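Trainee: Dumping the structure here so I can ask a few things about it.
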Amino acid sequence: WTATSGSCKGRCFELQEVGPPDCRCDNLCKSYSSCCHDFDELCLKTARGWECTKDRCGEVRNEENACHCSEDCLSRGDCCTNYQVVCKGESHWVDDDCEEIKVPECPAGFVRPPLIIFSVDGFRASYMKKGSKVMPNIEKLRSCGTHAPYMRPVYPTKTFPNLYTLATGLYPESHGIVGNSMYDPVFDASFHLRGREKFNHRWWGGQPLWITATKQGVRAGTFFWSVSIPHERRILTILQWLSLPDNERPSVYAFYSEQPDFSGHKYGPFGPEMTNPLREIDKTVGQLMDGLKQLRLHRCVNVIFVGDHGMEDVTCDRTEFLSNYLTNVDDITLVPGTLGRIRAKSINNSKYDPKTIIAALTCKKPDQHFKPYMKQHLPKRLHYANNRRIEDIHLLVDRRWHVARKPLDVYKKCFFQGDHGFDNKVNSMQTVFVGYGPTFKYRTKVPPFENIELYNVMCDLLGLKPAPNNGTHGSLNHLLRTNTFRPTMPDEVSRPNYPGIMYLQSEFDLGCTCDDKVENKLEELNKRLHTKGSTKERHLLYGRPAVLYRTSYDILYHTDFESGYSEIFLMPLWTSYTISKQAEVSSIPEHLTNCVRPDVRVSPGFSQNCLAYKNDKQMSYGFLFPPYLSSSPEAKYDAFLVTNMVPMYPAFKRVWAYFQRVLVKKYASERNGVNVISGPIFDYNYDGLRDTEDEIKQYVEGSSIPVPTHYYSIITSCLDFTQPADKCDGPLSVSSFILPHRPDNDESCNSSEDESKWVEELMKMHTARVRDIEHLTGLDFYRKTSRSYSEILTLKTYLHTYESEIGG
Ligand SMILES: *[C@@H]1O[C@H](CO)[C@@H](O[C@@H]2O[C@H](CO)[C@@H](O[C@@H]3O[C@H](CO[C@H]4O[C@H](CO)[C@@H](O)[C@H](O[C@H]5O[C@H](CO)[C@@H](O)[C@H](O)[C@@H]5O[C@H]5O[C@H](CO)[C@@H](O)[C@H](O)[C@@H]5O)[C@@H]4O)[C@@H](O)[C@H](O[C@H]4O[C@H](CO)[C@@H](O)[C@H](O)[C@@H]4O[C@H]4O[C@H](CO)[C@@H](O)[C@H](O)[C@@H]4O)[C@@H]3O)[C@H](O)[C@H]2NC(C)=O)[C@H](O)[C@H]1NC(C)=O
Ligand SMILES: CNC(=O)c1nc(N2CNc3cc(OC)c(OC)cc32)sc1-c1ccc(Cl)cc1
Ligand SMILES: [Ca+2]
Ligand SMILES: [Cl-]
Ligand code: NA
Ligand SMILES: [Zn+2]
């Protein structure tokens, strides 16, 4: 109930929300069916349109008019946005030369430059270049301000997850908005685009920018606009609020456009009908900037022009149907479209089995346009698992395709030519970022970055302390002229031991053998030097990784590699080695095929044992530093140390072997040498975070050897590839991956072929940021470089996507 009898007189677009059933006059009241009776008449005036004309200049104020052209309008804050152009001979903002904004140029009583976020739905990154002819206002913001060639959204690349990720800095699994449609089993409640459930606060976790601001004494405009408020009125309202007295005036505002997404769905991302919505958005930017200039705020306000996701060509005839795969199609609920999420239609059905569902969906047709995953097996870069609203079964749908349950769902539940939602590394899902204002840099292009990073910057722009979030604060300092945040490196928590020779071979009863008793101060001094670290500067190029949790571990030096060996997990946390452009690949000698060697620096009690692997019929082992890349025959023995061994399924060893034998060398030739850091990851509860020992669900049979869920590698070289990786004077270049450690290669439909046809494709899907590895391991990398720490943060957030170059 709302007592709609009260009145909006002097309350139009009020900022505090009045508690029901007092009637509302704020910008969301329509959405709630709760506006006062006179809201439309008073607050949504439209008479005369939105532009001054020659003949309105100096008019006597008529309060009925949508906006005013009278002499008093500047100080009332309510002129048409083009008032000074038409009536005072001023130029439009877009017609002015751009001029660096070195300092904020703000009216008196402004305590900080205000922030205005101009968010546009479905604004695909290539529109910046492809529509530049019809968007001069946007083009000027882009060329004069700071811009990225594109910005990466979060998965899924849908509106509500991205809007709220923008607002909170959090992955959808943490903020809770995991799709446009959701079921929460604990509330037994459903969230949908249409309807009132979406308004319930329980869906929205984390702390969005407006709440962060409010809590810290920074006033915020109300960010959300009822759909029937036209864009012109949204702009005028923001501008009116900007005229409030100092003590009442917000410092942060949002405008939202439903375009170009809306037309994009109907016409496709480059339909000829798309020119007009792009022109109209640009005109709205024009209105805002002319309005700021009238208020003398165009060199005072920071403006962020930001999209949520792009748009791809998708039509009804590119739909896959679960009914062509599944026998019991009516025993499941599917969330359909550009992703698939599956659960049991009823919780009382105990004949529901995920494994059989996954199998009926795995590599079943030649050209299959979606791939089933249990959510914990999805690419860790998606961070899409640790939420009860995300169904255990997931379908990653190929770009340009839909998945649906049955053909009737598509003609009774074609109409559309565009959609979005696909994997966030897909080129057509990329969106835009432009920052313009005193706090942003002048004419600066910055590399592509992820939208999870912006909450921190928005907080920096307003002098706020960000709530805890998934951005890496400092990684976007390079976008800013001032207000940079200067983070410190985290402190190391555990210091390593440096064990020397402490154990005789006969103390080890591990059931391991090696044909190695097949052996002076020429070499005998040289080996001692190598075991004490004489080559460490070659193989440990950026310092040792720091351990940021309490544990017991040893540093182990070798000719060809250095490792941080965990006495708790019985394997290295990391293994670091450098392969130059010139290194050669050898094979494992025949006599060394099953060789494993006790490490006389590390006790029997803290070593793996070969017998466990022998007894465990599912589990084999591999090596972290690869024997194929040994610098010499003698050095090769080091690679067979029990301390360099890790458990691997035979199916995974196919992947790992090819990476270590073929691919490391390939990257060293292409990148002029590479440094590799590899190790295990344990994330049994799929939370993206390092497991403690008591969270491990699988061990090598009969032992306390924990089985990794994933293996990572970080591959660093010199960004200027004319310099070798081990003598790099400047910026670095990185790619990383987090490969799932799976007992089968079901994920790879072409796996029965030779690894040269399928392994590299798998590795690309599981591309990762260094930061994702840090969360997963409790390690901090790149602690000793010659680079600034902010630059290194930006490196750690880098994602190598393998997409072709954005454009054409
Ligand atoms: C991305 O950035 C974020 C933000 O930093 C990272 O997420 C944080 O991770 C923290 C560490 O894991 C986690 O800390 C826990 O908080 C618990 C208190 O939780 C509430 O309070 C906070 C504070 O305001 C709030 O933000 C939380 O919000 C979550 O839940 C609400 C309501 O359900 C949702 O609205 C919201 O969406 C959010 O959900 C997300 O997080 C929860 C987990 O908190 C998930 O379950 C959801 O799926 C979703 O992802 C909460 O309202 C606190 O109780 C925890 O403490 C336990 O564990 C510690 C170990 O040190 C121990 O000291 C305690 O004993 C305690 O154990 C007890 O509970 C256990 C579980 O029931 C039980 O097993 C034990 O036996 C004990 O009884 C813990 O400190 C933090 O809450 C989240 N924050 C957010 C916003 O998600 C995220 O990790 C980052 N991701 C990556 C990849 O880096
Ligand atoms: C992709 N979108 C956004 O990021 C976004 N959208 C907004 N509005 C405002 N009014 C509105 C009405 C809608 O429906 C009518 C709507 O539907 C989906 C969305 C919105 S505000 C905003 C935003 C602005 C700043 C920050 Cl920090 C975070 C988010
Ligand atoms: Ca974990
Ligand atoms: Cl969804
Ligand atoms: Na075995
Ligand atoms: Zn859309």
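A short reminder: the numbers here are calculations on the coordinates, not readings from a lab. When we count neighbours, we look across all protein chains shown, and the Cβ atoms used for this are built from the backbone with ideal geometry, even at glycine.
Trainee: Roughly what % antiparallel, to the nearest 5, for the DSSP beta bridges in the chain?
Mentor: Here the share of antiparallel DSSP bridges comes out near 70 percent.
Trainee: Neighbour counts of other C-beta atoms within 10 Å: give me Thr593, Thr338 arranged from fewest to most.
Mentor: Ranked by crowding around the Cβ, least crowded first: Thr593, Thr338.
Trainee: Starting from the Cα-Cα distance between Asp96 and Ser323, subtract it from 0.36 nm times their residue separation and give me the gain in nm to one decimal.
Mentor: Net length gain for the segment: 75.8 nm.
Trainee: Can you tell me how much longer the chain between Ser190 and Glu258 gets when fully stretched, taken as 0.36 nm per residue apart minus their C-alpha distance, in nm with one decimal?
Mentor: 22.1 nm
Trainee: Still on this structure, I have one more. Counting other Cβ atoms within 10 Å, keep those with at most 15, restrict to DSSP loop, and tell me which chymotrypsin sites (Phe, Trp or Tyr not before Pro) in region 258-335 are left.
Mentor: none
Trainee: Now for a separate question. Could you check the simple spin-label distance between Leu408 and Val662, using points 7 Å along Cα→Cβ, in nm with one decimal?
Mentor: Distance between label points: 4.8 nm.
Trainee: Here's a follow-up. Show me 498-507, 692-701 ranked by packing, highest mean number of other Cβ atoms within 10 Å first.
Mentor: Those peptides, ordered most packed to least, come out 692-701, 498-507.
Trainee: Just list whichever of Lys532/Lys727; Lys666/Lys796; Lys536/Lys784; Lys198/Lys355; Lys636/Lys666 have alpha carbons separated by over 25 Å in the model shown.
Mentor: Distance filter (> 25 Å) returns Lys198/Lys355.
Trainee: With each label point set 7 Å from Cα along the Cα-Cβ vector, what nm distance links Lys653 and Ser788?
Mentor: Rounded to a tenth, the inter-label distance reads 4.9 nm.
Trainee: Taking the Cα centre of the chain as origin, work out the dipole magnitude from +1 charges on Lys and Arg Cβ and -1 charges on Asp and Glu Cβ, in debye rounded to 20. Display every interim value, and only then the final one.
Mentor: Numbers: 97 positive and 100 negative charges, 101 e Å.
The dipole magnitude comes to about 480 debye.
Trainee: Filter the trypsin sites (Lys or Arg not before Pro) in region 772-808 to those in DSSP coil with at most 11 other Cβ atoms within 10 Å of their Cβ, and list the result.
Mentor: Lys784
Trainee: Let a ≥ b ≥ c be the square roots of the eigenvalues of the Cα gyration tensor of region 380-523; is it rounded (a/c under 1.5), or, if not, prolate (a/b larger than b/c) or oblate? Walk me through the numbers on the way to the answer.
Mentor: Numbers: a/c = 2.85, a/b = 1.42, b/c = 2.00.
Judged from the Cα gyration tensor, region 380-523 comes out oblate (a/c at least 1.5, b/c at or above a/b).
Trainee: In deg cm²/dmol, rounded to 500, what helix-only [θ] at 222 nm does the chain give when every DSSP H run of at least 4 residues adds -39500 (n - 2.57) and the total is split over its residues?
Mentor: -5500 deg cm²/dmol
Trainee: If I measure Cβ to Cβ between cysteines in the chain, which ones have no partner under 4.7 Å?
Mentor: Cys459
Trainee: Okay, next question. For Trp1, put the label point 7 Å out on the Cα→Cβ axis and report which residues of region 16-35 keep their amide N under 12 Å from it.
Mentor: Inside the label zone: 21-22.
Trainee: Just to confirm the filter: which GluC sites (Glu not before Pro) across region 1-106 are DSSP coil and have at most 16 other Cβ within 10 angstrom of their Cβ? All intermediate terms of the calculation are to be shown ahead of the outcome.
Mentor: Details: sites: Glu14, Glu17, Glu41, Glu51, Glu59, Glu63, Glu64, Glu71, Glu90, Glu99, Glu100, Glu105; in loops: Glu14, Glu17, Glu51, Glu59, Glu63, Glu64, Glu71, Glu90, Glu99, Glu100, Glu105.
Sparse-neighbourhood loop GluC sites (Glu not before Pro): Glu14, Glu17, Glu63, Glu64, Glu71, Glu90, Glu99, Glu100, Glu105.
Trainee: With 18 Å as the limit, write out which pairs from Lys351/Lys371; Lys54/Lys283; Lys158/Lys266; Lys283/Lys441; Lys45/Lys88 have Cα-Cα distances beyond it, or answer none.
Mentor: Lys351/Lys371; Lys54/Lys283; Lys283/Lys441; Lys45/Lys88
Trainee: Fully extended, how many nm does the chain gain between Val585 and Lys527 (0.36 nm per residue separation, minus their Cα-Cα distance)?
Mentor: Contour length minus the Cα-Cα distance gives 18.7 nm.
Trainee: Something else now. Between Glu492 and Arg388, what is the spin-label point distance in nm, taking each point 7 Å from the Cα along the Cα→C-beta axis?
Mentor: So the label points at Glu492 and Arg388 sit 4.2 nm apart.
Trainee: What is region 196-341 by shape, rounded, prolate or oblate, if you read a ≥ b ≥ c off the alpha carbon gyration tensor as root eigenvalues and call it rounded for a/c under 1.5, prolate for a/b larger than b/c, and oblate otherwise?
Mentor: Oblate.
Trainee: Next up: Using a cut-off of 17 Å between alpha-carbon atoms, which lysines can reach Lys465, once sequence neighbours fewer than 8 places away in the same chain are excluded?
Mentor: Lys215
Trainee: Starting from the Cα gyration tensor of region 691-791, take the square roots of the eigenvalues, sort them a ≥ b ≥ c, and report rounded, prolate or oblate (rounded when a/c is under 1.5, otherwise prolate if a/b is larger than b/c, else oblate).
Mentor: Here region 691-791 falls in the oblate category.
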